Amino acid sequence: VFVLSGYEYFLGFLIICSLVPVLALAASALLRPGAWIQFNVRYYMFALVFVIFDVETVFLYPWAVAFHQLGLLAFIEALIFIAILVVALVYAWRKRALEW
Amino acid sequence: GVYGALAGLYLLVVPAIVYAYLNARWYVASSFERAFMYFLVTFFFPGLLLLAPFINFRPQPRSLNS
Amino acid sequence: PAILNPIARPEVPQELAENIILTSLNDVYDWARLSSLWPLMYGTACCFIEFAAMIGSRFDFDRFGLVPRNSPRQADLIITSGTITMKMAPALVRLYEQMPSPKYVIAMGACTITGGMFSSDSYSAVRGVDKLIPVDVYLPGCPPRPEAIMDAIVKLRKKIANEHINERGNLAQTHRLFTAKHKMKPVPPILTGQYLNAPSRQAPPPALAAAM
Amino acid sequence: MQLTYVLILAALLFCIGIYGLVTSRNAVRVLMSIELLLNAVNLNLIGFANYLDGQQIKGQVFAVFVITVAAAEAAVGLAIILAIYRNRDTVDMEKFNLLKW
Amino acid sequence: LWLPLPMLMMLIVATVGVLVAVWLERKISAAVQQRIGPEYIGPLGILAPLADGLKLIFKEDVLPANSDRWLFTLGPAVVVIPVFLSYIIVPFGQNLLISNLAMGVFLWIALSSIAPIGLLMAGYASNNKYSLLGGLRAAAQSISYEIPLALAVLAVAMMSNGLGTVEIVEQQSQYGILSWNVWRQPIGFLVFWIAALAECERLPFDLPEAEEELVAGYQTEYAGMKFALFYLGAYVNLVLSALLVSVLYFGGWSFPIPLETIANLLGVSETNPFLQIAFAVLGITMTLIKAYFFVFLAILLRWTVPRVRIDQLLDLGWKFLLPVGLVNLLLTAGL
Amino acid sequence: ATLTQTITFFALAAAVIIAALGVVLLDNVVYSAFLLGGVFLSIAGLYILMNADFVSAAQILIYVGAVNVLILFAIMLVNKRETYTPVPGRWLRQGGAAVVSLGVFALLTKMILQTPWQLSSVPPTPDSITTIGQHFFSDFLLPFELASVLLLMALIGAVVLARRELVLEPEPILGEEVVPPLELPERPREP
Amino acid sequence: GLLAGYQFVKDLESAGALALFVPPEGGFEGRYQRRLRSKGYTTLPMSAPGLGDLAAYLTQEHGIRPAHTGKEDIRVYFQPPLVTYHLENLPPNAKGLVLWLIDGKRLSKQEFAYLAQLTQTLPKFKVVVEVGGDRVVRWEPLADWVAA
Amino acid sequence: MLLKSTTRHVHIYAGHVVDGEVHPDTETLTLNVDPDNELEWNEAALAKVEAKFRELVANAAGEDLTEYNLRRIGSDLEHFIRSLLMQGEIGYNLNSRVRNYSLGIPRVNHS
Ligand code: SF4
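Chains as they are written, first to last, in PDB author numbering: chain C, 13 to 45, 65 to 131; chain L, 11 to 76; chain K, 7 to 218; chain E, 1 to 101; chain A, 28 to 362; chain G, 4 to 194; chain N, 2 to 149; chain M, 1 to 111.
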């Protein structure tokens, strides 16, 4: 059974927008005639702070949608999650993590 | 989508009026008329793209009265 | 003989036939190329200010459709803007080889036509850039006026519209390769990337600082 | 597609992760092969939630916490490889056998 | 072959929506330098987006010498497919919606996360030194401006009691202009608008290398049809981000009674055949009047600010836009 | 209208297992790392087919957009152009792993089919972002608060194990007997 | 207008000496030297101010004096006459050639009629002297233009 | 390093060509005459320059490997390619999209 509504057009639009590059690059195919990067650990360090904060955003999306049907006790409990991960953010500035 | 009644009101007859309006008051229009002028082009653009190579805005040849 | 530098007769018949539709779809090919040709932002000598003045306000560059792109992969047009010496000669044919295949170099100024004032006696100027790359439109003047550079683009738009769609086999380079083995002694390179931290600047040498 | 065909997909997606966990010689390809195991326990988990206990999904809640652990285990996991690469300038799992016996 | 009528009518207004934004770039940016803009093609420049893209097809899309082949070609096809798939969200019109997904402002931020891989497999595969330095820098810029943009949508989803983008714009349709979300979220809108401008616009991007920290960016070794996907695929996201500003905050398809005088950006008389088609297509598309004000704004904002360097570009997203994005979410809650 | 849910299942189930063999068996690791997004997107295609609209949209954000970008930065940082290709290192212990992995797979398939599952014919997902959020703050509350403690620790630890020691690399702090900076004091020594 | 047929090919074989009035930005002139060249006519686009006296350049051999620049002698390069040399190369399986002169508005009125009275006295040879500017490209014979 | 000499009719490289991607060697020299096809060649004169190319590499096989020496060979090939034209051996191309006649104009011998 598939009780999701609105996804009938998602499978068709996934194919047609995928046919935008593969057919246009084929429509153009019939009309046309001391190597070092330095190991600087900031590309990793900017991406680690993303993963810790791309997960925080995911955890707050059930809270934000189902907020005004939960109440105040689910706001005190959801404030502990934000206030702790603010200390993760102050730790990243102070320890020169996201300095670049 | 209407077949030929309301489509021709958007695609052909009204964009042909704007091209008369675009030729006349484009460089001499005021500071208020110019911002409204960019809105009709950003709205009738699939209409104005059809009658694009039929109208040429090249200046009229002078008479050389001197 | 009979004629010095003779012209080879076209033995191929050039059967360039088409209907009305394929020459209507050839008008769309040729219009879309002449109307939006993007110049490489190339400039060496004095005839770049004459071309940089055309990017600006008093003469609009992007009015014929010319948006300047500063990399040879995106751009197609290249205006040879200024004197090419013996250095900057292979850095320009490298700039010409790395372009998509309808390129259309134009020359510009008296120095890329014949080496204008540097034809009489200069020991390093390539006299004319047609010794290096094929030029579509010449343009004399020293410097050309910025009204005159937009004239040579007008002559170039007359050259794009002549171009036939099925003659695109000559737009690709040929391969007449050969190979010979030399007996030259290889040498180490001269210009490695050290100027400040070279171990020749930190201290004066002995047997000369006594009388210094 | 029934419940059974998701599980044999998850049981096969597990054992390619096992084969990469034991055979791979790059230190980073073991971390990608760990993530295959932490998806096969997700594909098992939502598939147990759709056909069993569909009204209150206890599996799709438990499917959320597996992603956040494995995202936090690969953020820790690559910090370790990047501490080794600054000391031992290779990433070779046949070069880290110096604590032998 | 696209037998859905709504799916073809959306693919045209996602295609003519690009050529508006290309032409508007070459005339607004030529107005603010006191020059004409592209004349001589079309009437006054209307065929400048057609002819700039049509010449990109007819060029030899050649590779560099020692490059990866399957990731060069798949480079642009990962940047542009999720910004083309995420047009399935935007419901312009009262009597038009392509698909009523039960989320979709969360599916848009999900799909816009795949684009840093497309700048990575293009910066790596073009295979010179100045495209890894430019690819790892372009990837590390969509990273930093993504958490502030996802928390601006968290606040406007708290007020809307859902993520369905029809249910968002239905909460602003009860009072016309009194209940647009900009008046209730004046600090979460600038967080949306600065972060969306810092992921697709041309002021905080290293592609014009007049600063020479790299050669010409990550799209240096690209040419032809592949370059058209990096170029005519950047304005696809400028329109969609400007659409979602005028969907989330400013009410999509919402406006009071049109029965007014001649000063309503229209003709002269009251009941003409010219205002009935300026109403009925506005009764089909009301949002692309609003969505072409921020495209007009984002082009005009390009010449307003100076080119901020990448050392201070990521000192804006992490250190400013994210803490303001947090305290806006608590202020949108009770606290 | 139902066979297009079966054809799109087996086309996604073959999108993962040909990409899962790609992340394991492929000779280049960057081609191996990019295909890991092919696993994570195709698995996210299955979650929509299993009526899990939120868990799919949360997987493209984390696994493709955050984890897979974290993998790719952590491979452009280590290339070093020195593979050294010592494939016959000591023995053929890559065939011994093909027996345990094929052994676990044949073990699990015998378990899957013969076990009677009590599948219910009720319609699932009454708006599964509302009944997944009334779980985070009633029942799954203490795993939700511990996920905050786990993620803060994962940022304290992953910073101090990967950051540069540009504060003081030559720091002889003190001494009773000699200890190198940022190392455990038990010096290596062979009996 | 927009869709041009092949009337420019039959107008040049009829009159013999055309006169094109093209827009002065170029680009739309050359779509008529393609229909001309698709029908077997080759095209030699010369320059109108660069040509000297057209008796000495088109039908006679002329001494092009190179730039000696003080480091040479006064050389004389006797080029072959252009119209008879570029016609002997082209085989008779195709038609003749044309002289698509550009910037033709700086030729004197005597040299217009000499390009008119030479295209009849020479068989299978035409001229298309592009002269003047107009809002739309339109043509007429050179016989009517010199009397205008 | 790929030392080279790129004139219009002559592209002397220092290295052997392995399917488009040139690899720099120390022993070999690749030469392709007329990459752009301005002169219409024939069967004989594509073999005539090999009597000058392999002569000039062998006769100058005692000097260094610099781009001043790869240019000094290429400035002698392009002065042999011109001596083919002034003897009338080869001729210009007429299918070519450019017509600038870079090696002098066609002229008759002695008026
Ligand atoms: S000829 Fe004179 S003005 Fe022109 S580029 Fe050379 S030096 Fe500059």
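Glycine included, every Cβ here is placed at the ideal spot set by N, Cα and C.
Given residue i as reference, the closest of the options once Cα atoms are compared
i: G104(M); options: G6(N), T43(N), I65(N) and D135(N); result: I65(N)
i: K83(G); options: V32(G), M156(G) and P194(G); result: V32(G)
i: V47(A); options: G72(A), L28(A) and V59(A); result: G72(A)
i: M123(K); options: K137(K), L101(K), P149(K) and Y144(K); result: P149(K)
i: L146(A); options: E226(A), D88(A) and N208(A); result: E226(A)
i: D54(N); options: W101(N), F113(N) and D74(N); result: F113(N)
i: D136(K); options: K164(K), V111(K) and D127(K); result: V111(K)
i: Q97(G); options: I80(E), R25(E), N50(E) and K95(E); result: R25(E)
i: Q60(E); options: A55(G), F143(G), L153(G) and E189(G); result: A55(G)
i: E62(N); options: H87(N), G31(N) and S48(N); result: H87(N)
i: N94(N); options: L21(N), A16(N) and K40(N); result: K40(N)
i: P143(A); options: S113(A), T288(A), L163(A) and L134(A); result: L163(A)
i: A16(N); options: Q118(N), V138(N) and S48(N); result: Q118(N)
i: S171(A); options: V107(A), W280(A) and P350(A); result: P350(A)
i: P124(N); options: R136(N), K11(N) and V99(N); result: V99(N)
Residue i classed as buried or exposed, judged by whether at least 16 other C-beta atoms fall within 10 angstroms
i: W41(M); result: buried
i: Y262(A); result: buried
i: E248(A); result: buried
i: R71(M); result: buried
i: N109(M); result: exposed
i: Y13(L); result: exposed
i: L145(G); result: exposed
i: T7(G); result: exposed
i: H181(K); result: exposed
i: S83(M); result: exposed
Residue j beta carbon less than 8 Å from that of residue i
i: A222(A); j: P283(A); result: no
i: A157(G); j: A40(E); result: no
i: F79(N); j: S102(M); result: no
i: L46(M); j: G91(M); result: no
i: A250(A); j: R79(K); result: yes
i: residue 212(G); j: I18(E); result: This structure leaves residue 212(G) out entirely; chain G is present only between 4 and 194.
i: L3(E); j: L122(G); result: yes
i: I67(E); j: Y50(G); result: no
i: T112(G); j: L16(C); result: no
i: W220(A); j: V272(A); result: yes
i: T90(E); j: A100(G); result: no
i: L31(E); j: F14(E); result: no
i: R167(G); j: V72(C); result: yes
i: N100(M); j: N37(M); result: no
i: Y258(A); j: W207(A); result: no
Cutoff 7 Å; reference residue i; Cβ partners in own chain excluding five residues on either side
i: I12(M); result: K4, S5, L29, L31, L70, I73 and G74
i: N127(A); result: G191 and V193
i: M252(A); result: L83, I84 and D88
6 Å Cβ shell around residue i - same chain, five flanking residues per side excluded
i: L19(N); result: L13, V129 and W140
i: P25(N); result: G134
i: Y33(N); result: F9
Other residues of its chain near residue i: CB distance less than 8 Å, five sequence neighbours each side excluded
i: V322(A); result: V47, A48, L51, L265, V266 and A269
i: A255(A); result: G80, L83 and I84
i: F57(K); result: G49, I85, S87, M114, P152 and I155
- Neighbouring residues (CB closer than 6 Å to any heavy atom of the ligand SF4): Matched residues: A51(K), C52(K), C53(K), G88(K), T89(K), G115(K), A116(K), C117(K), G122(K), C148(K) and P149(K).
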